[PDB]
């Protein structure tokens, strides 16, 4: 019986696997959606079965918060791994070990597993996460297969662009980021894309 299957869960029941997202990206998703008119072809979101019966969301937090904020109750899911034989301790370890969690808060601090929110509606806003998204969307770096590429870019920017620039003027913060992305200083980042 050869693999993943469609299922269906209440968004209020998904367990997050990261502490933060960029609310700006969330809000853009919510516009797109607010402005589009069976089950074919809604979003499917990948998930892992954890302890008790719980499903842990593995990607697409922005989209899931967007949908949740739009009043959408359910989302299609596909279980891509089954760890429900583990206790909770072991589970988080295995997840951590397999790079399926990202316990970093809105100001980029490593935090413990227990600090990972239990409901989606508790994600924190990481404004550098939004900046790093927009940067990519602008052509500042490439998508790469590395997990949490964006969060790497967000940490780079956060040490280099003033938060006050970012709330004052997003596009000027973006313009800065764009000057930095291209500099030799960002050379060590995944997806880096400039003159050698």
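Numbering follows the first chain given and starts at 1.
Asks: What number of deposited residues lacks coordinates in the span between residue 37 and residue 38: none, 1 to 3, 4 to 9, or 10 or more?
Replies: Per the deposited record, the segment joining residue 37 and residue 38 lacks coordinates for 4 to 9 residues.
Asks: Which third of the chain holds residue 127 when residues are ordered by C-alpha B factor: lowest, middle or highest?
Replies: Tercile = middle for this residue's CA B-factor.
Asks: Name the third of the chain's ranked CA B-factors that contains residue 154, choosing lowest, middle or highest.
Replies: Highest third, going by the recorded CA B-factors of the chain.
Asks: Split the chain's modelled residues into thirds by Cα B-factor; is residue 62 in the lowest, middle or highest one?
Replies: Its C-alpha B-factor, which the entry lists for residue 62, ranks in the lowest third among residues of this chain.
Asks: Within this chain, which third does the Cα B-factor at residue 10 fall in: lowest, middle or highest?
Replies: Lowest third - that is where residue 10 ends up once the chain's C-alpha B-factors are sorted.
Asks: Going by the CA temperature factor in the PDB record, which third of the chain does residue 45 belong to: lowest, middle or highest?
Replies: Answer is lowest: the recorded C-alpha B-factor places it there.
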